[PDB]
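Okay, here we've got a single chain as structure tokens, the form deposited without its partner chain, with questions on binding and movement later.
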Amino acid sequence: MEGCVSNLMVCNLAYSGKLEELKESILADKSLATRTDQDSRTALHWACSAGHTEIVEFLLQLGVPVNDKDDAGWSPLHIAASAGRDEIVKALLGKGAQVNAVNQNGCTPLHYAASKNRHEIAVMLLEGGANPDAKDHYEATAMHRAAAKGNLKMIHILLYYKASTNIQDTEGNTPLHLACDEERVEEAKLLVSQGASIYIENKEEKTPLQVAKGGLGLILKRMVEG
């Protein structure tokens, strides 16, 4: 757990926060700065997941790769934003890091950021080149995950940057469908009044209104074209 990880001295060094040992290691060895192992990870990936900004900065300054996608671990900015690491997320971006790189399930930074409450972190990545309406394998969106468990603030920024277009998962699941299911009156009222087609049916051919609450749907559907 502590000290090292499993393999690759550079990976664990950044993980345990041994910048001195990491610097002397890369200084002495150039290949070590990129050398990958275990899961094709890089010390940046390990440092970002932990927090050690000094290690990621030192590696970044040298000109280490950042746009590189791991065997699944997404990009550096991906891991940084995911745990709400402002220092790491800013620090990776400064190096022209990626923005839409896909982990394995394509859960872009938006998808991960939305999963959290880091409203500010999500906005930073969006302007950097984060697909606001990008879909994953299941065609799920950050809006869906947030609408199911997030905040109204996210809705303000997401819509501000122009994101979400009634997207529907492979089996059916739009911003209103999930929001309605969550008994979220405010989220449903704002999303519908913004551009959430109520008629959009579901697996059972059910529209957000019908799944809203039988009657509650009448109010949401009326605003759309009552």
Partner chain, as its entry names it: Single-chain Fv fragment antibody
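Numbering follows the first chain given and starts at 1.
Absent from the display: the form solved in complex with its partner chain. The rest refers to it.
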- Item | Listed range touching its partner chain, judged in the deposited bound form by heavy atoms within 4.5 Å, from 66 to 74, 159 to 167, 35 to 43, 53 to 61 | 159 to 167
- Query: Thinking of 104, 134 and 206 as one candidate spot, does its partner chain come within 4.5 Å of a heavy atom in every one of them in the deposited bound form?
  - Reply: no
- Verify the contact flag for residue 31: yes if a non-hydrogen atom of it lies within 4.5 Å of a non-hydrogen atom of its partner chain in the deposited bound form, no if not. no
- 4.5 angstroms heavy atom contact with its partner chain in the deposited bound form for residue 186: yes
- Message: Although the partner isn't part of this model, could you tell me whether residue 149 comes within 4.5 Å of its partner chain in the deposited bound form, counting any heavy atom of the residue?
- Response: no
- Item | residue 90: touches its partner chain in the deposited bound form, heavy atom cutoff 4.5 angstroms | yes
- Members of 163 to 200 lying within 4.5 angstroms of its partner chain, judged by heavy atom, in the deposited bound form: 186, 189, 190, 193, 194
